[PDB]
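# Chains, contacts and geometry: an overview
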Amino acid sequence: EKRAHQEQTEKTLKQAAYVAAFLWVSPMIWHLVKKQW
Amino acid sequence: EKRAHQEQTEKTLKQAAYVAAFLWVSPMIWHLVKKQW
Amino acid sequence: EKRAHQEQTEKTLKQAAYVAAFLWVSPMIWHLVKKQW
Amino acid sequence: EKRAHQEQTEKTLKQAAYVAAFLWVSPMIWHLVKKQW
Amino acid sequence: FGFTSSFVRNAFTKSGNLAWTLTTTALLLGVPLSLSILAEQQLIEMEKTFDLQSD
Amino acid sequence: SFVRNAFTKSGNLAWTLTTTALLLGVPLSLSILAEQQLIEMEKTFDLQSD
Amino acid sequence: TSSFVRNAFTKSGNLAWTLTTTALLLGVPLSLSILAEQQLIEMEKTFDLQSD
Amino acid sequence: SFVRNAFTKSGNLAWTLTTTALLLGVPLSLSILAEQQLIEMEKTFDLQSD
Amino acid sequence: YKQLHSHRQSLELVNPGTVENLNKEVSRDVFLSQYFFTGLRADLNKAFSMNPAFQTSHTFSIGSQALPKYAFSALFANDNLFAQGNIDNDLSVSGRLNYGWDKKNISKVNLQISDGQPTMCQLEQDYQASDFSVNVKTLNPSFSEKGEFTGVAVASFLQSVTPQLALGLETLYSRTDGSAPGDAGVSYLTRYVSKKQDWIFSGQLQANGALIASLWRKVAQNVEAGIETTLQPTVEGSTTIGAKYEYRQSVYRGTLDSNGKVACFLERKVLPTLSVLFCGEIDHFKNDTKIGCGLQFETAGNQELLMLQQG
Amino acid sequence: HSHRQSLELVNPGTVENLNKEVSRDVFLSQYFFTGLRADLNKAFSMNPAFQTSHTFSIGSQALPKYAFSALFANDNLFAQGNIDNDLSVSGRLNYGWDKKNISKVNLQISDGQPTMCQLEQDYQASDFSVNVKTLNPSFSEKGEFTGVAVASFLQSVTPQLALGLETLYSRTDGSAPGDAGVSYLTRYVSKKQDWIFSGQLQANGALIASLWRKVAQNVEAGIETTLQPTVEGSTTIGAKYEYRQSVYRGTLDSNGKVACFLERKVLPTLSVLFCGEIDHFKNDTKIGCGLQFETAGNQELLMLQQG
Amino acid sequence: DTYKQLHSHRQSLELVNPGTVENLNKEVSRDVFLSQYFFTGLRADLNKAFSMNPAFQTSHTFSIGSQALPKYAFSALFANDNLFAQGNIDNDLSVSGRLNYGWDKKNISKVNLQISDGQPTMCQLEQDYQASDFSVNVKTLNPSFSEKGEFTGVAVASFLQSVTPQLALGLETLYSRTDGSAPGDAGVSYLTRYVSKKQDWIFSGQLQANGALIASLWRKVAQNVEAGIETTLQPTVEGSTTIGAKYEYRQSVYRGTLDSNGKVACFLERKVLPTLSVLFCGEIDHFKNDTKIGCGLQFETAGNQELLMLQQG
Amino acid sequence: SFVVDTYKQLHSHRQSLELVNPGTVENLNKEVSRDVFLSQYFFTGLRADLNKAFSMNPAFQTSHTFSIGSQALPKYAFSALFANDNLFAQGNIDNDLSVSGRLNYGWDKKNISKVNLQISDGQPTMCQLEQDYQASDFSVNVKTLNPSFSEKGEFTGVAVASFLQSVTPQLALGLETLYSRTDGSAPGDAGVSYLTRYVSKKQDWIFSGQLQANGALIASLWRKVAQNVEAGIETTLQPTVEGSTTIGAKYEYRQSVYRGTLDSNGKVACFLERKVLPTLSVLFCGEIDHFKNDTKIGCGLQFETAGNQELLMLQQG
Amino acid sequence: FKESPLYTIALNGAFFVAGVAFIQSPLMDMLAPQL
Amino acid sequence: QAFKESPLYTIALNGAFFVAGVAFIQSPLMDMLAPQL
Amino acid sequence: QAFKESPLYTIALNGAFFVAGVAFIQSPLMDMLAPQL
Amino acid sequence: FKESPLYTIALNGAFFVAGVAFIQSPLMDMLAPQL
Amino acid sequence: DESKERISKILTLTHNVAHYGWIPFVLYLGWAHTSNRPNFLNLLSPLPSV
Amino acid sequence: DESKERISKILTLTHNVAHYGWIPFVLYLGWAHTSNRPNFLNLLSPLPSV
Amino acid sequence: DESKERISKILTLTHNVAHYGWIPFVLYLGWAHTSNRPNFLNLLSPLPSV
Amino acid sequence: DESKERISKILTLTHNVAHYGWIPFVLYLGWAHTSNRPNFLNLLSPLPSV
Ligand SMILES: CCCCCCCCCCCCCC(=O)OC[C@H](COP(=O)([O-])OCC[N+](C)(C)C)OC(=O)CCCCCCCCCCCCC
Ligand SMILES: CCCCCCCCCCCCCC(=O)OC[C@H](COP(=O)([O-])OCC[N+](C)(C)C)OC(=O)CCCCCCCCCCCCC
């Protein structure tokens, strides 16, 4: 029963790492959208 | 009963008066006894 | 029994009036003392 | 019950010792105040 | 020795408590009075500066 | 009646707004007026210097 | 109110009696002591003046 | 014992005779000594006069 | 009694103050117990006229039990009459009226309605002579069906035996209902003024088992000091020593109590209109603090006093 | 009658002056007291002798708290008045018809007790003395006397002796007849006035035998023995040593008690007096102290008093 | 081929470094408002400065009438160019110690330690690195390892990147494991900051992992006056709205606050002396009609003669 | 070593104060209670005192005492005291054999130890041991009445320790502590009493106030008008509350000593000791109570005679 | 009549919008003194 | 109200007698009670 | 045997505080607490 | 062993005779001072 | 009695008059004794608006 | 009888006069028989104040 | 294990050192880094007595 | 115990010695410390007979 909660917290941590990586990505995407218009 | 007591007191008074009169006489008696010796 | 308490309170009032009259009279006696000094 | 009385008398003796120590301390402080005048 | 040690520690405790009480009493009785006296000194100094410049 | 309720409601609102205006204004009024006194003293010190 | 005046006379008489006996008790041995000391001082003065 | 009873009786008799002799003697001795002092003062006043 | 009156003029005595003005310097001037409060308070009084003195005062207070939330007071004072009215929230009406038949003789009425409490009124007659002061006050006068008094009656006398001292007494007779007889209590009064008006001793022996002994002293023209000791098979007492340092810009009052508590009151006048006031109390025996702050605006009603207030 | 003049008999003293030497001069029973006492008397005049006396006392049963007495004495009349607290008036008056014959009236009111008055007539002859005193005279409805009557006589049978008698007749109410009591009186004066024997056998069975003796001009001694079946008696031997500065009086009793009385004149005005009694049979002590001021009323006696 | 052109134009974007996560609401919550500064009852502060080029000063603190502030507290702090160390002693011996260390002007390492003498000792280690355009910090509260080699404690790692010279988006991650018997929980919270072009007004919004939302706006009207609004909310949902203003001067600092809970608050500091300063704070609650009043003062004095002359003039 | 040097520095620092040694706690009311007043000296009934001096360089004398008519003074009592430079020893024998013995011993002029013993032949023997040390600026003494130890090793008796420190050359504050344990079944009780003395600058008047452990207060003032006359007042007060106020004066001379006393209890007292001879001396004491109107009178005398021939000539001239 | 958590959410949101409109207004500039 | 006087009466009486006696002793009238010789 | 914190104790305490305060105010130290200006 | 009234009569009489013998003796003159 | 009802009624009326109209009577004396005699709004408002 | 009532009345009057007026009669005789004849206060005061 | 006892003992020692001697270590750094280097009394007294 | 009986016996002996022989020990110290050293009759008699 605790393994499902551990896997849920692990998925939350990996999602947080993915969102932090996407926030590091986001200046490039924002500037290229500003370059597109 | 009280009359005998009254008579006894009156007898005492008369005896005292007799003794007083004899004491008034007694200088003559004492001097004439001293004259006898 | 309440008449004794009423008499005690009336005695207290009359004694207070007597001390008030004494405190009216006594400064004049003290001024007679001060003239004697 | 008697233990509370024993503790109260022991507290009284210790308080007497404390006030005696304070009365020994006080002349030095008071003279150092008087030297400041 | 240990009873005398607790005696000396209780002496430190009462000394700190008495110092705290006398300190807060001296502050509460001194600081508004200090503000009042210092404002009065400033007002006297302002009156003296106004008197000397007028004369 | 309804008039007696409206008087009490208006009095309570006026009391709250009055103590609110006092508490939020009088320390600010003291601060601003003391700062104006300091500005006036600096102006008098500047004009007497020049 | 003559009985109040008589009570005042009684109180005054009693207070005067108490003050009188108190003054006598507190004054007479002291008066004897002071007068004896004055006589001793006068005797010392007469012994001083006849010596010189 | 009997001898201690004799000492107690003798001490009580001695005490009584002592306090009796003091009470009957000390004011009399004061009176006689004051009268001797008065006689001596009269003699010294008589010799200085003559 | 003309020769007796000339003999009374030969003493050249002074008029002593009232029984209310016995501890006026110690209890009201030096100390702060009349003046101390808790929580915030604001006063807004405006003066309409000065030759008859007339002013209206609004009083806001919060954080205390004794002071109400809103109180509007108004007082009028011509040469010989003084009229003070006070309206309160929940309608507590307080009205006092002084009337001077002369500068010596005065009659005063006090009335209090609390809207749920019995109405409390007292009638007082106060006469100051050349050398003594008498006043008789009655709280709640009422007569029974038998023609007997029911209420509180206090009669006090104060005579100066000399231009330094003043001895006197007060007597209270109280009868609550008429079923039980009323009780009487006599209290004594003693005042000693120094020769150079420097220090004043004042001792009173109350009838309830209380004694109040006080001293006032004036060190200089700006500073004052005073001590008071009050005590009452139940006996308890307190000793309070305080000082008042007044100036042209502020008024300081400090108080040290035998109950382990200290108190401070600073009335700082910062403006010709505005005035800030602070009061603080520390109890050391249970280690807590009562802090009250407040302020006073005094403003004019008309244009002339508006120029008179500023300059 | 001429031979009675030939004996050259002398007038003896009164019945009251029979034990004047032993009971009043030497002993202290008239003079002893208890607790503090102060005496304040002042003299207004001397040719009629007139003085008023204040008396303060505390701590005794007999002496009251305050007593004011005043006496007046010219050549032939004497009048003593004594007012007391709770108003007990004591008044005595002597009147001299001659240097021999005198009449006196004594009165006492205690304000709550029956008033006690006595009338006494004293006639002193060349060789005898007569006095008749009456306590509370009253006559019944039958014309009978009711009171106390004491008639006493004293004749010198020789210039050393003096024999006499006294008669007491007492009737209380009139319901019961009053009783009579006769008592005898004997006095012996020595030839060189050194010692005096004095005996009286009272009507109650009591006997009082006393002797007085003069050792020198400053010292005196005296003994008394009194006795009253239920018979008991006391033997008291005492002395008085008098001087210019003080008067000492000592007394030894057969009742196991000793007594002392010292009157020390320290000032021409002030005089201290002390009296002390010790009872050895129950071991306790009675101490009395006191003083006497005598002061003048006018300026002349004030200068006469000091010098 | 995103990486090389990424390095080139991200070097050419000219991004600015935002502040820390703790400095996200520094303007609204700490500068303008009074909740950090508000107290109750009397308090006095007595701090004296011995030196300035090493910043070193000792501070006494007396307080009475409050629950949070103790009766007596002595604090001393030392600060040279790169190390900041603060010690705090308390009555009943509650020791608080904070140590900053600057490895660089960007990179710092700090330790917070607290002993409460009857409560468990709470310590956290934080590493804070501010880059050219992002800011990271990692703090660990009560680090402890189980017998299995597993973490037990609180770990908060937060990141903040500016996508543009106005915005700054970021996140924080809190992983908490109490004992090891139960697996710890993880919570992710988002962070948003918007700075205006002329530095006039700043928007700041955070959505916490507990469902809570805190949105605030700071605005600078003039050089001496500032304003700010905050709104906080968290089924059982409740929130408060607080508007406040700070009017500062050389002699005095005023702070006013109106809350949606029916309470008002005032905070006035008067620099009446160059050494002494009075301070006052008041709170009125209208829904239950009561008032909290706190007064206090600050002496600052010198330790040496040079700062004594530098302090007055 | 270093602690002795610090103690010497502290001793010099205390010597900078220049304080004076206050008196003992027993000598706290020495002027008011014993010098001026007569409560130590008043008696009842006749009393005679007969003491003779055998020597003076060791002071030694034997005293006979006859008394009658009082409850306090016995019928016959014989006391003898010996006094060299450092030891004082008094022994008293009484009829019905009541032995009282007090012994002082001076280890120095400051530190003294004293023993007091009393046997009443039918009453429990009462003994106290007291150690009294006077320092340069304070005075400590510890007395123990009936010392005894229980089976548990615990104290049983009365222990009084008192301390008196001069805060300044005018004042002297201090305290005393009484711990009393009667039997051991009940725990002993402790009581602290306070002590205050103020001496004027010209030694004219001395205030002395003590607040006893029983709630009782004794506040006294002493004043010296001239070289031959003195005066003094005392207020002593103790659900039992009662108090008495007494004012007395002592007028002493070369020939006599007069003492007068006025009480608030409606009673007055007088005590006159007239020395009429160099050997004989007469003494009188009188008391009048006005509230119940009675009088206590005691007269008495004192002979002092010599034991040897040299003091017989030194006594007269 | 709702009395929901949405009620106090909308209440705090309306208070926040009103405060933002008050601060960004020139009336807030009028509350600023000139000096 | 009427209450018992018994503590306060005797306490204030003894205190007033003490104050009056201190004022009598400290007065120069006490010096007048002393004879000059 | 103390056995009580008696009422007379706090009576004497209040009286000693009163006497100490009167001695403090009448002293010139109270004049020293007053500023000159 | 009598313990009668005659006992105290004889006792008082013997005391009287002894006092007469003491007074009439020159020892009473010896108890008198010469001056 | 009828006198008791009369005195109770007039004391009730006196209490009602002193309750509702004491301080308006004091304000009427104030408004009568001013030279300006302002209106009712200025007489109650604490503002200096004159 | 009537003579008994008369003798009782005059003895009661004699008792009253001898009770209240014996010693003032003696003092009147004394004051008449002095050459100084002082006033009433000097006749009762024990002082030598003459 | 034994390493657990070792780490517990040294954490107890570190806790005792950080409890007793943290703020005296800060004050030692302060007193080392002053140019005046005052004594122990001036470093703790809040007075400006220098 | 046995020590209790021992201390009781020696305190009983000390009490007996202090009762019977305290004042003869004091008189022996006195008689030893005199230069004249009188006999037993002169040491107790209050007479000046030397
Ligand atoms: C444990 C340690 C305890 C220590 C005790 C600490 C006690 C400290 C409290 C002292 C209070 C300050 C008293 C004060 O007077 O301070 C004065 C200060 C003004 O100084 P100044 O330089 O400008 O004077 C210039 C004057 N001259 C222009 C004439 C020259 O003023 C100020 O500090 C501003 C204060 C603001 C108060 C206003 C409150 C308003 C309440 C509203 C409530 C409404 C009721 C419903
Ligand atoms: C075993 C027991 C034995 C018991 C024996 C006890 C003996 C007691 C003796 C006391 C009685 C004798 C007192 C006495 O003989 O007196 C005189 C005495 C000596 O005087 P002097 O020779 O030196 O003077 C010389 C001056 N010249 C030369 C001009 C005359 O001096 C004095 O004793 C002065 C003190 C007198 C006390 C007065 C107290 C006051 C009493 C009245 C109180 C009033 C209350 C209503």
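Residues numbered from 1 in each chain as written, not as in the entry; some residues may be left out. Chains lettered and ligands numbered in written order. Heavy atoms only, no water. Residues with missing side-chain atoms left out of burial classes, pairs and counts.

Going by the header, the method for this PDB entry is cryo-EM, and the resolution given is 4.1 Å.

As recorded in the PDB, the entry bears the title "Cryo-EM structure of the mitochondrial TOM complex from yeast (tetramer)". In UniProt, chain M has this text filed under Sequence similarities: "Belongs to the Tom6 family." (UniProt positions renumbered as here; feature names shortened; annotations may be inferred.)

Chain K appears in the PDB entry as Mitochondrial import receptor subunit TOM40 from Saccharomyces cerevisiae. You can read under Subcellular location in the UniProt record for chain K the words "Mitochondrion outer membrane".

Broken down by element type, chain M carries two helices and zero strands. Residue burial in chain M is summarised as follows: out of 35 residues, 23% are buried. For chain M, the accessible area works out to roughly 2,500 Å², and carbon and sulfur atoms hold 72% of it. (Helix = DSSP H or I, 4+ residues; strand = E, 2+ residues; numbered from the N terminus. Buried < 20%, exposed > 50% of the residue type's maximum accessible area, 1.4 Å probe, protein only. Areas by Shrake-Rupley, 256 points an atom, 1.4 Å probe, with all protein chains shown as cover.)

A few words on the site of ligand 2. Taken together, the neighbourhood of ligand 2 is formed by 15 residues, with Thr-19 of chain H, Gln-245, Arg-264 and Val-266 of chain J together with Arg-274 of chain L sitting nearest. In this structure, an oxygen atom belonging to ligand 2 sits 2.4 Å away from a side-chain N or O atom of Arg-264 of chain J. Within the contact set of ligand 2, an oxygen atom lies 2.8 Å away from a side-chain nitrogen or oxygen of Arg-274 of chain L. The protein chains hide 87% of the 1,200 Å² of surface that ligand 2 would expose on its own. Counting residues per element, the ones that place at least two in the shell around ligand 2 are β17 (257-264) of chain J together with β17 (267-274) and β18 (280-289) of chain L. When its residues are assigned to classes, the shell around ligand 2 shows 11 nonpolar, two polar and two charged. (Near = heavy atom within 4 Å. Polar contact = N/O pair within 3.5 Å; in protein donor to acceptor, adjacent residues only side chain to side chain. Nonpolar A, V, L, I, M, F, W, Y, C, P; charged D, E, K, R; others polar.)

All right, on to the site of ligand 1 then. Taken together, 20 residues sit near ligand 1, with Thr-24 of chain E, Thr-19 and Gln-37 of chain F, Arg-268 of chain I together with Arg-270 of chain K positioned nearest. One finds residues of chains E, F, I and K in close proximity to ligand 1. Here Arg-268 of chain I contributes a side-chain N or O atom positioned 2.9 Å from an oxygen atom of ligand 1. Taking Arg-270 of chain K, its side chain carries an N or O atom lying 2.8 Å from an oxygen atom of ligand 1. Compared with its free state, where it exposes 1,200 Å², ligand 1 has 87% of that area covered by protein. Those elements giving two or more residues to the shell around ligand 1 turn out to be α1 (2-54) of chain E, α1 (2-49) of chain F, β1 (39-49) and β17 (261-268) of chain I together with β1 (42-51) and β17 (263-270) of chain K.

Okay, the interface of chain S and chain K next. If you look at the interface, chain S gives 21 residues, while chain K gives 30 residues. When chain S packs against chain K, the two sides together hide about 2,000 Å² of surface, and 75% of this comes from carbon and sulfur. Sorting the residues of chain S by area buried against chain K places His-19, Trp-22 and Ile-23 of chain S first, and these three jointly supply 29% of that buried surface. For the pair chain S and chain K, the interface holds zero salt bridges. In this assembly, chain S and chain K are joined by six residue pairs in polar contact. At the level of elements, α1 (2-20), α2 (22-32) and α3 (40-44) of chain S are the ones that each hand at least two residues to the side of chain S that touches chain K. Of the residues that constitute the side of chain S that touches chain K, the class distribution is 13 nonpolar, eight polar and no charged. (Contact = heavy atoms within 4.5 Å. Buried area = accessible area lost by both parts, 1.4 Å probe. Salt bridge = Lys/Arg side-chain N within 4 Å of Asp/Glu carboxyl O.)

We now examine the UniProt feature "transmembrane region" in chain M. Within the UniProt annotation, "transmembrane region" is assigned to residues 6-26 of chain M. Its end C-alpha atoms 32 Å apart, residues 6-26 of chain M is made of 90% helix and 0% strand.

Moving on: the arrangement of the chains. Inter-chain contacts occur across 33 pairs of chains; the most extensive set of contacts lies between chains K and S. Nowhere do chain B and chain D come into contact; their C-alpha atoms are at least 88 Å apart. Spatially, chain D is disjoint from chain J: no contact exists, and the shortest C-alpha separation is 49 Å.

Residue and element names in this part refer to chain L. Where strand β6 (residues 112-119) meets strand β7 (residues 126-134), seven bridges bridge the pair, whose relative direction is antiparallel. What sits directly across from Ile-112, in β7, is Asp-132. Joining the antiparallel neighbours β6 and β7 is a turn of six residues, in which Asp-121 adopts a positive phi near 60 degrees. Pairing geometry for β7 and strand β8 (residues 138-149), over seven bridges, is antiparallel. Within β8, the position partnered with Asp-132 by the bridge is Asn-141. In this antiparallel pair of consecutive strands, β7 and β8, the connection spans three residues. (Pairing = 2+ DSSP bridges.)

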